[PDB]
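These notes concern the structure reproduced below.
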Amino acid sequence: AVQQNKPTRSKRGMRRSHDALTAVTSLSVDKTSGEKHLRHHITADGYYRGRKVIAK
Amino acid sequence: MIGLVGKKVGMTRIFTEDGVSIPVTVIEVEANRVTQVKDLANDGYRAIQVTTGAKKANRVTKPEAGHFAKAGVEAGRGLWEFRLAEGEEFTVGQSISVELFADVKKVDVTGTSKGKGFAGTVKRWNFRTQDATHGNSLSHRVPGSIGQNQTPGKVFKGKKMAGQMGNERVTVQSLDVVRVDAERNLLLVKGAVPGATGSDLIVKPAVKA
Amino acid sequence: XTXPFXX
RNA sequence: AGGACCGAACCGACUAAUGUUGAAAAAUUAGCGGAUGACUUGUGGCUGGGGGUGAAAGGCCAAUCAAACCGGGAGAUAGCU
RNA sequence: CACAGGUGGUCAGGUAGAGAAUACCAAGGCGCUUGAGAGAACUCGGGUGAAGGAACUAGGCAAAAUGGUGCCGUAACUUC
RNA sequence: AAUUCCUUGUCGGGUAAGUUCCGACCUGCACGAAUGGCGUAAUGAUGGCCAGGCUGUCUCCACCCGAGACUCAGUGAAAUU
RNA sequence: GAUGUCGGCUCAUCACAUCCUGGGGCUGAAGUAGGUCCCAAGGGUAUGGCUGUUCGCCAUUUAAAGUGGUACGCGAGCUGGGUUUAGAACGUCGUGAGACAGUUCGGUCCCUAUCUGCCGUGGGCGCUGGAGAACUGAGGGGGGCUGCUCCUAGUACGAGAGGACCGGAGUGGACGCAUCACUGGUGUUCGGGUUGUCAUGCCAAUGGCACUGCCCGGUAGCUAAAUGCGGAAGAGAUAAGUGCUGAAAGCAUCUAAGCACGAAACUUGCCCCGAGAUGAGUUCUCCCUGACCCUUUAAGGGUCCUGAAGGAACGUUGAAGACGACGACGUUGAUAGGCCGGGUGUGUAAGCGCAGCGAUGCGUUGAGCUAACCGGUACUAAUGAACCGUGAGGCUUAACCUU
């Protein structure tokens, strides 16, 4: 139920070798508005594939 | 001898004149095109590589396209190999139809069984369920003991435990061949075979015999 | 103190 | 009429499951007993430690009871760890 | 502890109901101070179940079952 | 026998099969008459036993509805060493 | 300054002094059926009544209901009936407090897994240019049970009664794997009936809540009780055992030379995993054919140009799935939803008309509605890109090109 010995800082680091985050490979660029956005997501200004989706 | 690659269409029944219903699995066996022939001199063993079906042209990688181009056959949905029994000769580009099973009368069907995901010991290994009442505390379907005391001091390899069940290669042997329809490219075998509808099946003549 | 731990 | 009957409030706590570093230093859920009486409850009062009270279990006397708690004798004594 | 506990009195709507039980509502007050997904084992709280029906188990534990009103009818025994 | 060691006493009942139960027998290890003996209707969340009904208790588990478990974001313990 | 105990449950694993099945010698072995010993551990090896029991007795099965080791296996897996706290009685002992290995009724079983181990599933790097596939099989697991009936044959055997070996066929029990066509379960996402109440202004018609309110059916999926299949045959080398030829030892002798048989054990045959098999294997296919500088001049570093095969990511998703992973698809498109048609299920909607005082009935009408299913359909979403991955791939030696 509980440890018999204190795990080392080395063991702690090994377990965390899979905890690293992965950055987005790249951001798509709207053809009309020109700003960058997550692929398949609307831009901050309400554009998507240069169609000017609702922006209110 | 060599077998064939088919697709599981489904299950139905065949009514005979003597009032007997035969449960049959319908297998679609399209023409199998030989894509490569292996011999002792070059590969160290005798076998034939076959392909069946069709694949999207845009979804065939160049390394695969070159392999099909050398054999001069259209790309299929996969590649499978069959060993030759020291008396069979095949040529690259040859087409093998379902007529191969015209007088076989018994075949072995291999496929990928349905995937049950993570399964408990009761389902996976038919472990007996413990008491549902009479004081049982949170131990209704648990495995129970998994070993002995200090002497071994370990759990033995191969212990039956919960884990992945299904979604693996399975072979059913000695299935009667009910009907062979060359025109419709159909093969009816009595009984059920591994896998779900639309999955790939490998049909070979019965080895036991 | 009551038989089995800790009844 | 009834320490009468069935049954809510109210007062109890027979069984099971859960919980057991709990929501809770004894509770929750589903059942269960009494329910005009030797009943239950608010407020205030009285009984003080070898003493109290006890339809009596060594029960209870501020989460502590085969002798409460706090301070003092006190740095008791410990041929034992 | 912003804790499923404890805490005396007063007020007592509608339909059904014997009822302050219970169900659904009024006046009124709340959704309980982490959410979003997934839909494995296993645990918890529940629903249903072929054929059998206590073979379970220390033990019918648990669960299932009975359940209301009117009429008819009602044994041994008894301190009547 | 809430008492009987030998003991699952012997016989009968109940069961296909009964160390329990019920009725007798009396060899009462070690009952016995107000630390009462033997009966006793009613009563009992009391002990033992047998039936009908009932069922996932079981043969033997299957499916389903929810809360966790699992993944993401925020916050962020514990025993042990 | 704690190593939890009898029995049960769950899950086991090994030994062989073998219970069954298999192979043999002897027999006071006619046959059937037995006795005894040898070889053999592959698999298999009861349910109930009573009792806390292990055990035992009893009932009824089975080819058999083996004997032991594993902390008298297994409570950080369950149970708590027994034993062994505090309550209370009986018998008994004691003046008494109390006591008994006498009985009797009652009586809290905690722990979120760090490490080893085990069952599953991934990431990293390696395998010497990179990449997509198909394989070889070193090695490792799984599986290995058996009854009954019929034929041979009422033959061999036997005075009769009784009754075979060998061989062949059929059909079962238990167990295992797969599957959902059939028979069924489930189906709180489908339809309908119905009680109470509230609401939609009201009627009519619907909805909320009451365990899905209570119920009757039921699609897909999952699933067993449902229906398919499996254990093998064969081969190699043997065990006990039986032999042939044959000396030592003129004979005899299964053995010393040589040679032939011989079992569910052994090695294969069957099924699955499997090149991290660092001993990192084999086969097929695909991709890259720039220009300079520096210097401690080498498997060296840097700049510019270039970015392939392929991969990954993202999106729509799956009879794949805890998460990763795996599979399908992304407009040159049926991947998912919607939509269209069909099927299935429920069982004649609503509205209107007619009959009746009315509850209701009847016609329109097998109507309406209908989830996961089937066949179709770009209506919606799956965006052009970007990102990763490079630019011919070391040395030595040999044979070849230039046998």
Side-chain angles (χ1 to χ4, degrees), chain A residues 1-7 11 17-18 24-29 31 38-40 48-50, chain B residues 10-13 21-25 35-36 38 42-45 47 49 56-59 61-70 79-81 111 113-124 126-164 167-176 190-199 207-209, chain C:
Chain A
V2 80
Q3 73 211 17
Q4 278 201 3
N5 291 275
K6 187 190 172 182
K11 206 64 40 164
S17 65
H18 306 278
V24 285
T25 59
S26 51
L27 307 161
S28 297
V29 182
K31 72 206 263 283
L38 266 170
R39 196 149 193 74
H40 300 106
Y48 184 66
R49 295 172 75 172
Chain B
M11 291 196 71
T12 186
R13 80 210 298 181
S21 167
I22 314 181
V24 301
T25 295
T35 54
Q36 215 209 306
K38 310 210 176 187
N42 191 223
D43 322 72
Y45 73 103
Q49 195 190 79
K56 305 178 78 124
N58 96 76
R59 206 158 271 273
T61 66
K62 306 237 291 197
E64 283 162 22
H67 187 63
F68 292 119
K70 194 186 178 185
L79 291 169
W80 300 266
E81 261 184 52
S113 61
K114 279 179 154 177
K116 321 295 195 180
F118 205 111
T121 44
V122 171
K123 182 185 180 67
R124 200 185 174 200
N126 308 135
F127 273 28
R128 277 193 281 300
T129 278
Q130 294 184 54
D131 267 339
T133 61
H134 292 292
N136 193 303
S137 289
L138 325 169
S139 300
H140 303 298
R141 297 171 122 269
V142 302
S145 179
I146 65 177
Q148 304 90 39
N149 215 316
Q150 166 166 200
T151 281
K154 70 183 187 182
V155 177
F156 289 131
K157 203 112 59 182
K159 181 75 190 73
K160 289 175 174 170
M161 257 150 198
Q164 174 66 34
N167 193 33
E168 53 181 56
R169 187 197 180 88
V170 174
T171 295
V172 175
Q173 312 201 84
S174 308
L175 295 177
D176 285 11
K190 175 175 166 174
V193 308
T197 302
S199 72
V207 71
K208 295 287 183 68
Chain C
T2 73
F5 187 83

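Below, chains carry the letters A, B, ... as their sequence lines are ordered, and counting in each starts from 1.
- Nucleotide G/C261: paired with G/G241 (Watson-Crick or G-U wobble, both distances less than 3.5 Å).
- Base orientation for G/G250: syn, the chi torsion being within 90° of 0.
- The base of G/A133 engages G/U283 as a Watson-Crick or G-U wobble partner, both distances under 3.5 Å.
- In this structure, NZ of B/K116 is placed 10 Å from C1' of G/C180, rounded to the nearest angstrom.
- Judged by closest nucleotide on RNA chain G, B/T12 is the one of B/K190 and B/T12 placed further toward the 5' end.
- Projected onto RNA chain G by closest heavy-atom contact, B/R59 and B/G117 fall at different nucleotides, the more 5' of which corresponds to B/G117.
- Contact check, B/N149 against G/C74: a side-chain N or O comes under 4.0 Å of OP1 or OP2.
- When both pairing distances are held under 3.5 Å, G/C388 makes a Watson-Crick or G-U pair with G/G310.
- Under the 3.5 Å cutoff applied to both distances, G/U223 and G/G184 qualify as a Watson-Crick or G-U wobble pair.
- Between F/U81, G/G132, G/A319, one nucleotide has an atom nearer to the side chain of A/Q3 than all others, and that is F/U81.
- E/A40 shows a glycosidic angle more than 90° from 0 and is accordingly assigned anti.
- G/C352: Watson-Crick or G-U partner is G/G363, with both key distances under 3.5 Å.
- The side chain of B/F156 sits closest to G/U13 out of G/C180, G/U285, G/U13.
- Under 4.0 angstrom from either OP1 or OP2 of G/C229 there lies no side-chain N or O belonging to B/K208.
- In this entry G/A199 has G/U206 as its Watson-Crick or G-U wobble partner, both defining distances falling under 3.5 Å.
- Geometry at G/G333 and D/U15 does not meet the Watson-Crick or G-U wobble definition with both required distances under 3.5 Å.
- The side chain of A/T25 has G/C387 as its nearest neighbour among G/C387, G/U285, G/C111.
- Applying the 3.5 Å cutoff to both bonds, G/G318 and G/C326 register as a Watson-Crick or G-U wobble pair.
- Applying the 4.0 Å criterion to OP1 and OP2 of G/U10, one finds that B/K159 has every side-chain N and O outside that range.
- In this structure, CZ of C/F5 is placed 11 Å from P of G/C111, rounded to the nearest angstrom.
- Nucleotides G/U67 and G/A15 are base-paired: the Watson-Crick or wobble atom pairs both lie closer than 3.5 Å.
- Ranking G/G122, G/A12, G/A178 by closeness to the A/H18 side chain, first place goes to G/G122.
- In the interface, the side chain of B/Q130 is paired with the base of G/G77 through a donor and an acceptor atom under 3.5 Å apart.
- The base of G/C78 lies outside donor-acceptor range of the side chain of B/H140, with no N or O pair under 3.5 Å.
- To the nearest whole angstrom, the two P atoms, one in G/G185 and one in G/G144, are 34 Å apart.
- In this structure, F/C63 and E/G47 make a Watson-Crick or G-U wobble pair, each of the two defining distances being under 3.5 angstrom.
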